[PDB]
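All remarks here apply to the structure that follows.
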Amino acid sequence: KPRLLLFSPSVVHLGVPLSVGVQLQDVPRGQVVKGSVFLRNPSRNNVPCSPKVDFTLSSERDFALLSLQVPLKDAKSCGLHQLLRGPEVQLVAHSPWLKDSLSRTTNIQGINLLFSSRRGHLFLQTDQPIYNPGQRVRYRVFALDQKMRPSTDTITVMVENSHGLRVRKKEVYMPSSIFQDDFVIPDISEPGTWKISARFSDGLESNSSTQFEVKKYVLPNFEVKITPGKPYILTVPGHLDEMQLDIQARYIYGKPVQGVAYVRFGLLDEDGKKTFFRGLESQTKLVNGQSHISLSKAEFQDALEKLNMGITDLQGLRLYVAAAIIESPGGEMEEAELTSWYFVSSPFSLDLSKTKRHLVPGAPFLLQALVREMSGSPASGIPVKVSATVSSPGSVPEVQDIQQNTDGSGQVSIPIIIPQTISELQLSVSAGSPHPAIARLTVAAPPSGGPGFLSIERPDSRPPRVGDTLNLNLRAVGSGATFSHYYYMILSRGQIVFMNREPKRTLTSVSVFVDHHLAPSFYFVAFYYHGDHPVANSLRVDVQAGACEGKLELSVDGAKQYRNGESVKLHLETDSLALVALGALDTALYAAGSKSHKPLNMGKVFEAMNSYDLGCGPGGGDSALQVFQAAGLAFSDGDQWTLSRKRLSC
Amino acid sequence: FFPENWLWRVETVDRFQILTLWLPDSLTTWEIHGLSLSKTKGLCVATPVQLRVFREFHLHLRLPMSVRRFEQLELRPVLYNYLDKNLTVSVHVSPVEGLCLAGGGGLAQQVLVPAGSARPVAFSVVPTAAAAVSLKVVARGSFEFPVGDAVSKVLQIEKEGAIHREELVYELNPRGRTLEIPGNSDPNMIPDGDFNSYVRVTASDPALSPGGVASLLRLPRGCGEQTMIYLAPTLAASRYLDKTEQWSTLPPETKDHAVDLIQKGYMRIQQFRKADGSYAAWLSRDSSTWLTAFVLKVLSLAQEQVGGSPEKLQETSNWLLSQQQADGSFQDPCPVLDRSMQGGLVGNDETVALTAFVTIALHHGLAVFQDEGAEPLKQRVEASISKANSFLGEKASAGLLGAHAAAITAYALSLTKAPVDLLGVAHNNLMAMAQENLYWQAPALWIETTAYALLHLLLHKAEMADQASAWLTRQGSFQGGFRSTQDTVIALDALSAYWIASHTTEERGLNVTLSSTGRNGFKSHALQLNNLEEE
Ligand SMILES: *[C@@H]1O[C@H](CO)[C@@H](O)[C@H](O)[C@H]1NC(C)=O
Ligand SMILES: *[C@@H]1O[C@H](CO)[C@@H](O)[C@H](O)[C@H]1NC(C)=O
């Protein structure tokens, strides 16, 4: 019973080549098939909506990756923009061998997809983060395709106003992929946040935005920051920790400052109302730009009882601290805030996102969690204990317990053995010593009576660096020895980047070479056939941030502490011929009152680079169709097909 | 020179270039950030580098951003001394025109600064310039260590008095188009000053389950009369799915299976063509005009997909014209074998109903006619439909007709562009017949009437089409809906037309123009608002 397999990302993008996978199985090995794939829209009489491309592969080479291009000229000739309810397009596979041999109803098989005009990467940058009315604003753009290369398409630059209003728009085509523009802010606009948005002219929803805020200001001479002794405050009954905070005031050129610092306290609720104290106000003299302030438990209890709130009512209240340091003999002053200081009953945070749902019977279930202190870096060396409770329908629920200590990156990998024919699994994760954080979840077993499942295990249990060779092992579960080969695919950014076949042995170790393509997160889906029913499992694998591939280095003539009016010969290094957009920015602007929006770094580049991912969740599913869809892939075997995604995002 | 950001340039890189820059005259820690875009490799951002510039001995100034003219100013140059020895220097502001110095000239002030400390000197200078005046202060040093500094920051003074904002909220409509804004007339206007005016305009912009209708997709089979009961529902379902774009919900290959089946049906009924293309129930049996009109409409509807021959249907239309009588009416030379697929036709009157159906059929046949050639045929069919419309309008004016007849005549006159008076009287009669989403399990006749009425009202949607379309949808949602044949096809067409009417979007443009006769000349502006808000 041969079948044809159609593989394609659930969402296609206009103007970029589309990766489509076609597979053969249960082939008598003595025949060769030939056929073509293309896009067509049913509502416009099935006009060929994309250029034809064929596979014409045989049984000896049953796998073939096809690079199908989707020009926008066909798309606008296709009437795709003329649809009425959702951008829904049909992908089909035409071949006469499907009708004459398999005696199907037609010589064609397809899938339902959703198209979106969003494509490429557009990066925005502003001259300075903080403005005041009456200056000239500079900015520049970068045009980049899906493959992270400069593009020469046409974009439209739009300048938004404070009230969600448009002030200035321009269109320009970039032969150098970089475009510069000037813009003068009106001298009457009220202090508020603005936005610059740019999008490709041919596209519609490919817009990218940056925010620069304008406010009446004068650049300060020194910044003051308040560093609490501990980022969290334990409010468990019986025991209360001491609250102490250090006031540091430094000149913008690094020298210490002297003066007097004035502090007032208060309380912050969820919405943001302020409720200050009386009599807690401390005035101290700075010494070498450092000052330590602490409050005794007794005075804090006196303040709470005077305000009559109650210690037990600090479940989510935020302690408020304000700084009113005055620099003498200058006389000028500025403020600082410590909004991010909560009252919590536990010192640690628990992450349960990476651990997969939809347990698989007969294979060692894996639990993943990330321990991290509140408002801080991930912490190391914290014991974590779990109480696994198997819900066996035919016996008493067994309780299995096991602990492990933090690796160092905050991650935990504690495999737990699960028996067959279970109803569900409930477990409780506790980390902390003392005052542990409790996070409990339950997962139901897949429905019984189906074919044997597939198990994926990762030996190293660590995120590999770029250039390594991660290894995976596969084993079938249940009486399903009928098959002879394993099929596996690698997904990244909603594109089929690698496809291969592996034979069956007692141990089936599959090696994948991670490269710059598989960054920052690549999926991994593998499947086999239990006669006719497809069965599959998937495993999301993260990739370390790594470094660049263009190798930009920027350096100065060391730290000589140069004086004003001097000259510095800057040194810069690149791996390839490139264009560098240097920007020199004063740090005192960061000290100016703002949300301190971080400048452009590798993190945002990776996030937008991965923003095209389709699949959601750690992976793994009950049926083959569900896990295939959850991995952001469209599936159609001729008997079972994937439903269209309900919306662009999960 | 006190900028906030200066190194704003782009250059090429050949793995090595040594650009020498000049430090701006300030005392901060400047951070340089760069981005590289490579055609081969890609985009990388440099690690931030901090280029801390520092002068061991300096003076710092902070001019307030706003200083009202004629009002007292306090100026506080502060001395910073990180040296190791106590300095006794002099501070004096250079005499500049437009400003009254506290000392009124270059008069020096003596102050000693101990090491690692600061010493401010108060100054009281009231501005007297117009817009902006440059000011520089000098801190001249002693013989013991001749160190000095001079800072020159431009001091800008705002205009006289406070600022005022005027708001004129208004609403715009396609009556009351033109409106006039009165000119500025507030008596507190100061004769000299700025006058900035901005315009702020805001756009202020405000089915059936495909599974059931999919079952109607059936292979053609049977004799010359059992074939239509399988092509008409098939064509109707294909049109409904195509025009409501529900093919995506269905399995992808159904549409190709559908076109294969419709091609097979087109071939199957084509083989029963007579010499005159009347398409009788049997080759030996006499032709029926109702069957021929049904064929005409269904093949004309399907002709947009199947590659048929236009001239082979023009002769069918001509033969149909040969069956018109003197008053424009039509009669069947031979009745159908089964009256089940006539449905609403049977009743007190048939000739009015039959003529309405024929008129619907012919108008669907105008589209398939070639634009080149057959001009006499087009003119004669137009004359025929004009005579038929005249007869049907006379019958409608006679009234006392059935609900099915009234609805189908209303639709026929509406689609044929009948004279306005006849359209009005037919519409009035149909509205009078309308019964109260309750309108008209329902039999075949009632859904016939509702579908035809919905087509008329669509060709005539204001609180009415949706309310009866909901009734038609609820009736069709019943399992195995549209039991008969022609009710199926017209109801599917009705839902398709209603659904396209419901979901349709316009440009929603609100272009406005502003023009005035200033003393400096005449100006005009245009503000597109097709798709946001503009100022
Ligand atoms: C494009 O702009 C719209 C404005 O409503 C915004 O919602 C959307 O997130 C933007 N798209 C991006 C940033 O990709
Ligand atoms: C500066 O003045 C203080 C006043 O007590 C004196 O002790 C110190 O020695 C002086 N320093 C120099 C370098 O003259």
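Read the figures in this text as sums done on the coordinates, not as results from a lab. Here Cβ is always computed from backbone atoms with ideal geometry, including for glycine, and neighbour counts include all displayed protein chains.
Conditions (1) in contact with a helix residue (DSSP H, G or I) (Cβ under 6 Å, 6 or more places away or on another chain); (2) under 19 Å from B:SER278 (Cβ atoms); (3) assigned to a helix (DSSP H, G or I), marked per residue:
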{"position": "B:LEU337", "(1), (2), (3)": "no, yes, no"}
{"position": "B:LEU354", "(1), (2), (3)": "no, yes, yes"}
{"position": "B:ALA367", "(1), (2), (3)": "no, no, yes"}
{"position": "B:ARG380", "(1), (2), (3)": "no, yes, yes"}
{"position": "B:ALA388", "(1), (2), (3)": "yes, yes, yes"}
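Residue count for the range A:526-549 satisfying the condition of being in contact with a helix residue (DSSP H, G or I) (Cβ under 7 Å, 6 or more places away or on another chain) and surrounded by 15 or more Cβ atoms within 10 Å (Cβ to Cβ): 6.
Here are some residues: A:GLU205, A:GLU171. Which one is among the charged types (D, E, K, R) and away from ligand 1 (no atom under 16 Å from the Cβ)?
A:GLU171
For the range A:350-409, the set of residues classified as within 19 Å of A:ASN537 (Cβ to Cβ) and of a type in the set (A, V, I, L, M) consists of A:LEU359, A:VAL360, A:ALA363, A:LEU366, A:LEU367, listed by residue number. Just wondering, is there one or more residues in the range A:505-515 that are away from chain B (no Cβ under 14 Å), surrounded by 20 or more Cβ atoms within 10 Å (Cβ to Cβ) and of a type outside the set (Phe, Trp, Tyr)? Yes: one or more hits. Inside the range A:142-160, residues that are in contact with a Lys or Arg (Cβ under 8 Å, 6 or more places away or on another chain) and either of a type in the set (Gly, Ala, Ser) or more than 26 Å from A:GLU549 (Cα to Cα) (or both) make up a count of 6.
Entry remark, the range B:88-102: residues being within 16 Å of ligand 2 (Cβ to nearest atom) and either under 19 Å from B:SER152 (Cα atoms) or surrounded by 15 or more Cβ atoms within 10 Å (Cβ to Cβ) (or both) number 1 in total.
Of the residues B:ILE229, B:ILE262, the single one that is buried (at least 17 other Cβ atoms within 10 Å of the Cβ), more than 12 Å from chain A (Cβ to nearest Cβ) and assigned to a helix (DSSP H, G or I) is B:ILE229. Of all the criteria given as (1) over 25 Å from B:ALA444 (Cα atoms); (2) among the polar types (S, T, N, Q); (3) assigned to a loop (DSSP other than H, G, I, E, B), the one not satisfied by B:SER516 is (3).
Each row is one residue, and each column tells you yes or no for (1) within 14 Å of chain A (Cβ to nearest Cβ); (2) over 20 Å from B:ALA491 (Cα atoms); (3) over 35 Å from the mean Cα position of the chain (by Cα).
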site: B:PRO251; (1), (2), (3): yes, yes, no
site: B:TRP290; (1), (2), (3): no, no, yes
site: B:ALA302; (1), (2), (3): yes, no, no
site: B:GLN305; (1), (2), (3): yes, yes, no
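If you filter the range A:631-648 down to residues that are assigned to a loop (DSSP other than H, G, I, E, B) and of a type in the set (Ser, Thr, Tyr), you find that the one that is farthest from the other protein chains (Cβ to nearest Cβ) is A:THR642. Checking each residue in the range A:27-45 for being in a loop (DSSP other than H, G, I, E, B) and either surrounded by 13 or more Cβ atoms within 10 Å (Cβ to Cβ) or of a type in the set (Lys, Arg) (or both) picks out A:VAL27, A:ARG29, A:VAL33, A:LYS34, A:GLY35, A:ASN45. Return yes or no: is B:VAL67 among the β-branched types (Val, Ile, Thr) and more than 7 Å from chain A (Cβ to nearest Cβ)? Criteria met by B:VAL67. Could you count how many residues in the range A:208-224 are away from ligand 1 (no atom under 16 Å from the Cβ) and of a type in the set (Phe, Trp, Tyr)? So the count comes out to 2. Apart from one condition, B:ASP349 fits all of (1) closer than 21 Å to B:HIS427 by Cα; (2) within 14 Å of chain A (Cβ to nearest Cβ); the exception is (2).
Yes/no per residue for (1) farther than 26 Å from B:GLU158 by Cβ; (2) within 9 Å of chain A (Cβ to nearest Cβ); (3) within 16 Å of ligand 1 (Cβ to nearest atom):
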site	(1), (2), (3)
B:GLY42	yes, yes, no
B:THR47	yes, yes, no
B:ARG52	yes, yes, no
B:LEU61	no, no, no
B:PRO77	no, no, no
B:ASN81	yes, no, no
B:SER94	no, no, no
B:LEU99	no, no, no
B:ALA102	no, no, no
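Within the range A:119-149, if we keep just the residues that are aliphatic (A, V, I, L, M) and at the interface with chain B (Cβ under 10 Å from one of its Cβ atoms), the residue that is surrounded by the most Cβ atoms within 10 Å (Cβ to Cβ) turns out to be A:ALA143.
Do we find a residue being surrounded by 18 or more Cβ atoms within 10 Å (Cβ to Cβ) and either closer than 30 Å to A:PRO256 by Cβ or out of contact with any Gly (no Cβ under 6 Å at 6 or more places or on another chain) (or both) anywhere in the range A:303-313? Within the range A:303-313, none of the residues are surrounded by 18 or more Cβ atoms within 10 Å (Cβ to Cβ) and either closer than 30 Å to A:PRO256 by Cβ or out of contact with any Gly (no Cβ under 6 Å at 6 or more places or on another chain) (or both).
Considering each residue of the range A:164-177, count those that are in contact with a strand residue (DSSP E or B) (Cβ under 8 Å, 6 or more places away or on another chain) and at the interface with another protein chain (Cβ under 9 Å from one of its Cβ atoms), and give that number. Total meeting the criteria: 6. Filtering the range B:103-138 to residues that are within 16 Å of ligand 2 (Cβ to nearest atom) and β-branched (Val, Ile, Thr) leaves B:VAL111, B:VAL113. Among the residues of this structure, A:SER197 counts as one that is in contact with a strand residue (DSSP E or B) (Cβ under 9 Å, 6 or more places away or on another chain), within 16 Å of ligand 1 (Cβ to nearest atom) and under 29 Å from B:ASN5 (Cβ atoms). Among the candidates B:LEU532, B:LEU527, the residue that is within 14 Å of another protein chain (Cβ to nearest Cβ), touching an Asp or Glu at 6+ places or on another chain (Cβ under 7 Å) and surrounded by fewer than 18 Cβ atoms within 10 Å (Cβ to Cβ) is uniquely B:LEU527. Restricting attention to the range B:116-144, which residues are within 14 Å of chain A (Cβ to nearest Cβ) and of a type in the set (A, V, I, L, M, F, W, C)? Those that are within 14 Å of chain A (Cβ to nearest Cβ) and of a type in the set (A, V, I, L, M, F, W, C): B:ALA118, B:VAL121, B:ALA122, B:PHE123, B:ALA131, B:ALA132.
Evaluation of B:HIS58 against the conditions (1) crowded, with 18+ Cβ neighbours inside 10 Å; (2) not in a strand (DSSP E or B) shows that the sole unmet condition is (2). Exactly one residue among A:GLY316, A:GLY331 is on the phi > 0 side of the Ramachandran plot and in a loop (DSSP other than H, G, I, E, B), and that residue is A:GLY331.
Given the condition away from ligand 2 (no atom under 16 Å from the Cβ) and on the phi > 0 side of the Ramachandran plot, answer yes or no: does some residue in the range B:32-53 qualify? Looking through the range B:32-53, at least one residue is away from ligand 2 (no atom under 16 Å from the Cβ) and on the phi > 0 side of the Ramachandran plot. Taking the listed residues A:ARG501, A:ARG462, A:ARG505, A:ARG493, the one that is at positive phi and either out of contact with any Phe, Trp or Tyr (no Cβ under 7 Å at 6 or more places or on another chain) or among the basic types (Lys, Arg) (or both) is A:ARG493, with no other qualifying.
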